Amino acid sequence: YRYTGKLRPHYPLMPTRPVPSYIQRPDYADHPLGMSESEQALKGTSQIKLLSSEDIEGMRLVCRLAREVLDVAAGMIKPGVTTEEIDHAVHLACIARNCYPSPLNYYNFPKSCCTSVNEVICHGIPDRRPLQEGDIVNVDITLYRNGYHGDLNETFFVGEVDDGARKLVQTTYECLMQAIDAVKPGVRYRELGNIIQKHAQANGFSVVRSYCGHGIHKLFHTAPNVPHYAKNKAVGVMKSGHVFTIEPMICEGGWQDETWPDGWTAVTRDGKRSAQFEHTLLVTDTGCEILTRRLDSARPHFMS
């Protein structure tokens, strides 16, 4: 395998971290290939759940806890810390909140969160590499509590980064907030990609195509599929009570992606950097509630 960039995996990994049995587990947790029967049963559906009041409550809760966990990870980012060390802390932080780390054994993913450095677009596996000055690192958290998943990510700066890293991460965050700001009943899920690409392109960046935002609630990934690029053919119209993510991945170079032989780690084919931000959103009568919002600050961690 020819690596697209300078990054390499740093194995071996620490043995699988156990989750105490008193933590409620999603269905895939103990499937041998980490497949989710509830997802399998609904695969290919276009129908979007309308959440009940109790659902909304469970989504608010798990998304607030997920935010707390991301905030733990953010506080650890600095040169020298390994992504594996972040994942350990995250795993403990989930358990400490009576939650299961959704990524863990999701389709056999080996860790409890995704850590994506520089040219990793998404789904990077926490490993023994210490973060280096000038890196950008995204940590993507999902927790599972009482039958509900809550999903968010942020890109972070490791020490001083260069002007291109600043611009990439700022622009990515802007893309996200501009898409969120359009969300309300009656808007077509496909329009979000128009808004994202218009902003990325204005700033000299491309938009990943192979990964999309998604519905989330009792299932980790379900309807709707939400592409982040212009003129896509997503199906569906936003309605009050819909819950989904928007998670644009934006790149310095070209948009094309490939996967490492680990089956997960998605990288730019050109080996240039990519950044991402993600929130879980609930469509309300008037607009949208950002379930995974930071509560103790108006801003993401990279600004502050």
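All residue numbers are counted from 1 along the displayed sequence.
- Relative to its counterpart among 154 to 162 and 104 to 112, 154 to 162 has the higher mean temperature factor, C-alpha atoms as listed in the PDB entry.
- Averaged over their C-alpha atoms, the temperature factors of 226 to 234 and 93 to 101 are higher for 226 to 234.
- For the set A275, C63, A266, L50, the PDB entry puts the maximum C-alpha B factor at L50.
- Among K198, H149, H221, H123, the highest C-alpha B-factor in the deposited entry belongs to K198.
- In the deposited entry, the Cα temperature factor of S240 places it in the highest third of its chain's modelled residues.
- Among the modelled residues of the chain, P248 sits in the lowest third by CA temperature factor in this PDB entry.
- Among the modelled residues of its chain, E68 has a C-alpha B-factor that falls in the lowest third, as given in the PDB entry.
- Among all modelled residues in its chain, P79 ranks in the highest third by Cα B-factor.
- Among the modelled residues of its chain, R188 has a C-alpha B-factor that falls in the highest third, as given in the PDB entry.
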